[PDB]
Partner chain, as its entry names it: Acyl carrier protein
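Here's a solo chain for you in structure tokens, the form solved without its partner chain.
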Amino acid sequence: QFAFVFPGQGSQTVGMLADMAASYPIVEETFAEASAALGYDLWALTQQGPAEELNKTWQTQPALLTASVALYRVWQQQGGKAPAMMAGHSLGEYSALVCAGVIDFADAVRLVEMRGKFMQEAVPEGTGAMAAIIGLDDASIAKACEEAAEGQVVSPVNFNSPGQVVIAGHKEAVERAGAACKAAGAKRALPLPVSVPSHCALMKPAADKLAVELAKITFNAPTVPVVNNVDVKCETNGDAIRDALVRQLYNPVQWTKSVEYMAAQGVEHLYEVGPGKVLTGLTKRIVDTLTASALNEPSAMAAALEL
């Protein structure tokens, strides 16, 4: 049995899905739906860039959601069976919820554009930072962050695998926390092209704004289980899923535990339904007997549909 996993920010690149679109018209048709909802040509953005535009998060997010939904649509069109379960990394959670029939596609495109805007405006540029902590155990990192906070905010915001954890918060506190992580024996603490300090307390007021928008949108029952980032739970109540998306924004993404959870449910393979191979690469580091592969090139898509 397999699950579909859907990537988030960082997985975009200019030119992504070009080959798939050339093999499958439903890709650009899907992007045309999104672009009608957005009021600009999203496909052209993804194909032409420039990178700096594609990397602006209120454009990144709809771009990624659309890419993932397009790939799902190809799978389904070509006779692919539904996965046993779905999960997505931050933005990817929205993609999963669309593919699982919870949120209308166009609604979700508009939603994640607004999500990105709320996120971008959360704090002044130069206020926040993110850092990747490499080669330290989850607990040591949380403690380093606690000690380092000193009435600012800093906390683990992505648990991506054992020994790969992103922290975020106020710039100064993220500096202190990095240093402490190093001191605690971390192999690296790499500063990221952040700005937006996602998935920590700094995102509260953004989350409160998101809540207001989410409430306007119809949520349906999922047709396939979606493991959520915040609680590692498969909610089915439309209104519980909504609430989990609000809480998602200012709480850590529990990716490590979500992958463990899927494995525990009997999932044996993760297909990454989106551009890049980021979640694919995480998989074996979380559960070494799990396999993963991406479904963003025609041939790979073909090979999977043969199974």
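Numbering follows the first chain given and starts at 1.
Although it is not shown, the form solved in complex with its partner chain is what the next lines describe.
Engineer: Is residue 280 close to its partner chain in the deposited complex, meaning a heavy atom pair under 4.5 Å apart or at it?
Structural biologist: Yes, residue 280 sits close enough to its partner chain in the deposited complex that at least one of its heavy atoms falls within 4.5 Å.
Engineer: Can residue 187 be called a contact residue for its partner chain in the deposited complex at 4.5 Å between heavy atoms?
Structural biologist: Close contact exists here: in the deposited complex, residue 187 approaches its partner chain to within 4.5 Å, heavy atoms only.
Engineer: Taking its partner chain as it sits in the deposited complex, is residue 179 in contact with it (heavy atom to heavy atom, 4.5 Å or less)?
Structural biologist: No, residue 179 stays farther than 4.5 Å from its partner chain in the deposited complex.
Engineer: Taking the shortest heavy atom distance, is residue 212 within 4.5 Å of its partner chain in the deposited complex?
Structural biologist: Looking in the deposited complex, residue contacts with its partner chain do not include residue 212, since no heavy atom lies within 4.5 Å.
Engineer: Answer with one of 183, 221, 106, 134: the residue that has a non-hydrogen atom within 4.5 Å of its partner chain in the deposited complex.
Structural biologist: After the contact test, the surviving option is 134.
Engineer: Could you run down 276 to 305 and flag each residue that has a heavy atom within 4.5 Å of its partner chain in the deposited complex?
Structural biologist: Read in sequence order, the residues that approach its partner chain (within 4.5 Å, in the deposited complex) are 277, 280, 281, 284, 285, 292, 293.
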